[PDB]
Number of protein chains: 6
Amino acid sequence: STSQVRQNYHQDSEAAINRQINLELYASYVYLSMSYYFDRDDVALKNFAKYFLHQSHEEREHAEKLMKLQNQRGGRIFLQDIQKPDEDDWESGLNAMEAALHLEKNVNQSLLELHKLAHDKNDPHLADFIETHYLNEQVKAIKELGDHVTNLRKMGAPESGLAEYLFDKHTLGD
Amino acid sequence: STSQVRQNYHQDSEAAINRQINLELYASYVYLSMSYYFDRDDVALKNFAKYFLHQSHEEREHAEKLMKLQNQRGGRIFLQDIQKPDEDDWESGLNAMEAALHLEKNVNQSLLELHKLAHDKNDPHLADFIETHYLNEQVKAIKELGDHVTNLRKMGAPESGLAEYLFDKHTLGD
Amino acid sequence: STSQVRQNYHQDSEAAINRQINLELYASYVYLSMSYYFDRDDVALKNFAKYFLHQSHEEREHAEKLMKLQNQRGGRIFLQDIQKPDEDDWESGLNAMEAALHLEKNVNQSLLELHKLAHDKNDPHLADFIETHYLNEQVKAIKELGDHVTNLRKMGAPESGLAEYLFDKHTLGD
Amino acid sequence: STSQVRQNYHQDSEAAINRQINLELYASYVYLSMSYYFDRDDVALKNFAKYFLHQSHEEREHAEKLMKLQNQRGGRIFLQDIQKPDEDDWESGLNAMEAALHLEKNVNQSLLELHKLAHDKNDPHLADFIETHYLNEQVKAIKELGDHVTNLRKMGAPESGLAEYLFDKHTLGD
Amino acid sequence: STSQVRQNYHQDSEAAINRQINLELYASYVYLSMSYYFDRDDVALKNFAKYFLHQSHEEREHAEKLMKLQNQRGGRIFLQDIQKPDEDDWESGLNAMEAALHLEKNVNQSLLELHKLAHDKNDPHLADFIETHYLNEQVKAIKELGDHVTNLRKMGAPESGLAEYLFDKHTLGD
Amino acid sequence: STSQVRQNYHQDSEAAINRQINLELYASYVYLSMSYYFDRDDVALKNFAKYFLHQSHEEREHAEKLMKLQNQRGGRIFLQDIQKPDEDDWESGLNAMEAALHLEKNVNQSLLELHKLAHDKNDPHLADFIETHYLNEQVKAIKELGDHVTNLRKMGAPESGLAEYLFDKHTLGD
Ligand SMILES: O=C(NO)c1cccc(C(=O)NO)c1
Ligand code: NA
Ligand code: NA
Ligand code: NA
Ligand SMILES: [Zn+2]
Ligand SMILES: [Zn+2]
Ligand SMILES: [Zn+2]
Ligand SMILES: [Zn+2]
Ligand SMILES: [Zn+2]
Ligand SMILES: [Zn+2]
Ligand SMILES: [Zn+2]
Ligand SMILES: [Zn+2]
Ligand SMILES: [Zn+2]
Ligand SMILES: [Zn+2]
Ligand SMILES: [Zn+2]
Ligand SMILES: [Zn+2]
Ligand SMILES: [Zn+2]
Ligand SMILES: [Zn+2]
């Protein structure tokens with residue numbers, strides 16, 4: 001059945017949107033995992049925990065806004081299993097920041113391919129949606145993650161436990 | 001002779017803007033007509049009337065923003081007759097909502113064609129103007145009209161006059 | 001079917017009211033065109049543009065009030081095409097003021113004939129509606145447009161470009 | 001290694017907490033799916049949508065509190081796949097409420113089993129944690145969903161689309 | 001070596017961004033020269049001076065935003081000499097406005113080619129960046145400078161010294 | 001033509017002012033370059049970045065105040081190219097601070113030469129302008145840069161990246 005609102009909305013776009021939803025939920029789950037790793041009594045970096053929890057909720061928001069878009073265009077949401085993150089133990093603050101950087105670039109890659117698909121399907125509403133709500137947000141996230149990684153390395157992480165403690169206090173704790 | 005401001009603005013784009021201006025004014029007129037139909041003593045659904053009156057003033061703003069665009073880019077406004085709406089009697093709250101859904105999808109198609117023209121002529125300023133001020137606005141309006149049609153049908157409109165009364169009070173009143 | 005509210009409302013009055021609605025919508029379109037003429041980069045008189053845009057919105061209000069009247073008396077609104085204005089290029093500040101003066105006296109003449117009809121058909125509610133909401137408004141607008149024409153001429157418009165510039169600042173910019 | 005903070009915390013309890021964490025995230029996902037079903041243009045019950053979205057966010061908060069508890073007691077969080085919900089189409093407001101009632105009773109059964117485990121292992125901290133933060137919350141949610149199912153049924157849902165519209169307005173649009 | 005943040009950022013885009021930075025700094029320098037020309041005791045048009053000083057600071061801001069973009073995408077900033085402006089003596093208010101209009105259309109052309117490059121390299125983040133922060137700003141500036149040129153000519157500049165004096169007071173003195 | 005305001009202002013002084021203007025603009029540009037070096041994702045010292053960006057805007061004010069001086073005394077501004085800075089890559093917080101110290105002592109030497117010129121030409125207005133707005137500014141800036149260099153070296157910069165991180169946080173960040 002075709003939705004009464006659907007217009008210029010290609011089935012491949014609809015499917016790409018469903019895959020992006022699962023990917024955002026996945027990213028949120030990875031960040032949830034990292035957050036409570038820093039909450040462990042044998043890690044105990046509360047500002048790393050808080051930073052990654054904040055990222056988790058932002059990713060959930062990303063997924064919900066894609067779900068809204070799907071219904072706005074008259075597509076149909078099909079949710080899939082949310083796979084568990086690849087690690088249970090994230091080793092260190094630097095390691096988590098590096099894993100997060102890798103994650104955000106993979107999510108960025110998927111958004112860029114979604115945008116190319118919108119361009120190729122002459123769907124300028126979908127292209128502007130990705131441009132407006134996702135692309136610069138990804139670029140900021142990756143730059144910020146790059147910055148943190150750089151500082152942690154220069155301070156002597158992951159070896160120096162002083163480095164991660166001070167970075168938690170002075171960069172991530174306001 | 002060429003406007004001192006004109007730059008990268010194709011004659012076809014200038015012509016299409018003039019057509020969109022007339023379409024927007026025509027939409028305003030359709031909504032004005034619907035609004036005062038619901039103001040009749042034998043229809044008397046005041047929130048339907050206010051809903052379409054609001055839409056009608058918004059369409060006039062859409063027209064005026066395009067006329068400003070025409071002047072910003074160095075084009076020349078040529079106005080045309082505004083054709084009267086296709087009905088005098090809009091029959092029911094449900095029928096008018098369906099007629100509005102159809103209208104908004106017609107205007108959306110015209111905007112997508114305009115955006116495609118801008119992209120074909122490598123006019124990114126006009127393409128972004130269309131994306132930023134019109135395309136998501138159309139998607140939102142189409143989605144809301146669909147929502148309203150769905151609710152009125154499910155409530156038993158247009159047979160059950162109880163349904164249009166209660167929809168006027170509880171969704172359009174607010 | 002007669003309207004359950006119709007009382008002392010002649011068929012001729014009803015049709016004259018439909019004609020006046022179209023005429024007010026026409027005046028509104030004329031003023032809209034004048035306004036965006038003065039917004040052109042090669043005219044660039046922002047307070048003339050503002051002045052005419054205000055008149056255009058006022059004419060729309062005049063039309064909607066007559067549509068409301070039509071329904072209050074149980075007449076039936078029939079809208080017609082809105083004819084495009086007579087000019088696309090309004091030439092100058094003084095020319096547009098002269099054109100607006102001509103238009104307003106023509107609209108006034110139609111209202112006077114509308115009032116004469118109402119008196120002929122012994123419809124004092126319609127007669128008072130016209131006297132109250134339209135007649136002194138037309139007299140005021142005509143007097144104001146006369147004042148503007150007089151000052152523009154005395155300052156040396158249309159020949160003197162300094163004239164329209166300073167009039168735009170000191171009279172139309174408050 | 002044994003956590004330096006671990007005390008009176010049985011391995012079975014630790015594992016049962018990891019299961020409960022997965023179950024609460026699962027319930028969050030079910031409610032997320034229900035929410036955006038009601039956002040569909042062909043369902044369009046915004047207060048049903050808002051209600052289930054609020055339950056969704058609350059379940060994720062339930063999950064996070066259990067993750068906090070695991071770390072507090074020196075257990076170790078192991079996340080698992082979050083299984084997608086059992087439907088993609090939730091049929092109606094009444095059917096979604098009924099599915100939620102059934103979900104909440106299953107979540108409750110697993111919390112009662114978790115409490116029984118805590119008592120069996122003579123873990124009063126965990127027993128009281130469950131009583132304080134989950135048991136009455138489940139009982140209130142189950143009671144409210146039963147109230148909602150009862151009202152929807154007596155109003156004539158799911159047959160009467162009027163019933164669900166008014167329930168959405170008058171009970172969930174609080 | 002490659003930046004840890006760089007993704008989908010073509011070396012051609014990187015180099016065009018370095019060029020655009022130098023061009024913005026150049027525009028800034030042109031407007032600075034214009035400003036203090038009007039501050040001369042034998043020119044003494046204080047609002048022309050303020051108007052151009054404000055544009056000079058805006059251009060510097062445009063340049064720094066491009067420097068920020070370069071680093072966000074992981075390109076590398078290379079500054080070049082900032083070439084002195086084409087004139088030391090800007091002759092008159094109208095001449096400076098004509099020169100500014102010419103410069104802004106040149107800056108605009110360079111931005112349109114930047115956008116075309118970003119579209120060619122399938123870089124929708126860069127494309128949206130230019131659309132969002134530069135394209136309508138250029139169109140607005142070009143339209144405003146056109147308006148100023150038109151009014152100055154119409155008032156009798158450059159010949160009439162009264163004209164530039166009064167324009168300075170009534171238009172540029174807001 | 002001699003300016004109607006010129007009095008006791010030697011052509012050598014006028015020429016030296018034009019050179020100081022260019023030197024100040026040059027200093028602004030060096031600081032702009034340094035600022036965005038510390039904004040790179042592989043450097044990422046945000047308060048180093050803000051510190052030098054502030055110095056950049058300050059140098060620009062210095063240039064502008066000299067340009068106003070040139071006009072007040074009836075001299076004529078002649079702008080020259082602004083040479084790009086001597087480096088693209090500023091290496092480290094410590095290296096930049098040492099380079100800034102060298103730059104400020106260079107600008108101070110030029111101002112002392114300017115002041116000598118004014119005293120040699122019996123231009124006490126220009127001598128006092130230089131004393132009041134520049135000479136103590138330079139001494140303060142040189143003192144501050146020395147202080148900063150001293151602390152970075154004592155903390156173990158530029159080897160210990162911990163030192164630049166902590167200096168950026170505790171000295172440069174309020
Ligand atoms: O964005 C485009 N070009 O820049 C584009 C997108 C889809 C189709 C086509 C095409 O094949 N037109 O003929 C072009
Ligand atoms: Na009267
Ligand atoms: Na208890
Ligand atoms: Na865009
Ligand atoms: Zn995301
Ligand atoms: Zn992300
Ligand atoms: Zn394209
Ligand atoms: Zn519209
Ligand atoms: Zn519309
Ligand atoms: Zn009127
Ligand atoms: Zn009028
Ligand atoms: Zn729960
Ligand atoms: Zn629950
Ligand atoms: Zn610029
Ligand atoms: Zn500019
Ligand atoms: Zn200085
Ligand atoms: Zn300095
Ligand atoms: Zn001496």
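Chain letters run A, B, ... following the sequence lines, proteins first and then strands; every chain starts at 1. Just follow the structure's listing: the first ligand is 1, and inside any ligand the first atom is 1.
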The Zn ion (ligand 17) reached by F/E104 (N, O or S, under 2.8 Å):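 Yes.
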Atom name, F/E59 (N, O or S, nearest to the Zn ion (ligand 17)):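 The nearest such atom is OE2.
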F/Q83 versus F/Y29, closest heavy-atom pair with distance: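 In this case the closest contact between F/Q83 and F/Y29 is O-CD2, 3.7 Å.
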A/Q80 side chain to A/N22 side chain, donor-acceptor N/O pair below 3.5 angstrom: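 No, because no side-chain N or O of A/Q80 sits under 3.5 Å from a partner of the opposite role on A/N22.
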Residue pair F/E24 / F/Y134, side-chain donor-acceptor N/O under 3.5 Å: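 Per modelled atom types, F/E24 and F/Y134 side chains form no pair under 3.5 Å.
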Per-atom contacts, ligand 1 versus E/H119 - under 4.0 Å to a heavy atom: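 Atoms satisfying the 4.0 Å criterion: 4 (O).
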For A/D120, atoms of ligand 1 separated by under 4.0 Å from a heavy atom: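 Matching atoms, with element in brackets: 7 (C).
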Parallel, tilted or perpendicular: ring planes of A/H119 versus A/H115, cut at 30 and 60 degrees: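 Parallel: the ring planes of A/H119 and A/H115 meet at under 30°.
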Protein non-hydrogen atom found under 4.0 Å from atom 14 (C) of ligand 1: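 Under 4.0 Å from atom 14 (C) of ligand 1, zero protein heavy atoms found.
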Is_contact(atom 2 (C) of ligand 1), protein non-hydrogen, under 4.0 Å: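 Yes; the ligand atom in question has protein heavy-atom contact below 4.0 Å.
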Heteroatom of A/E24 nearest to the Zn ion (ligand 5) (N, O or S, atom name):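 Considering only N, O and S atoms, A/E24 comes nearest to the Zn ion (ligand 5) through OE1.
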A/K121 contact mode with ligand 1 (heavy-atom cut-off under 4.0 Å):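 Within the 4.0 Å criterion, A/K121 makes no contact with ligand 1.
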F/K65 to F/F129, cation-pi by 6.0 Å centre distance and 45° axis angle: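 No; the conditions do not both hold, so F/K65 does not lie above the ring face of F/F129.
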Qualifying residue for side-chain hydrogen bond (donor to acceptor under 3.5 Å, both in side chains) with A/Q138, from A/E104, A/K105, A/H62, A/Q109: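 Between A/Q138 and the candidates, side-chain hydrogen bond (donor to acceptor under 3.5 Å, both in side chains) is satisfied uniquely by A/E104.
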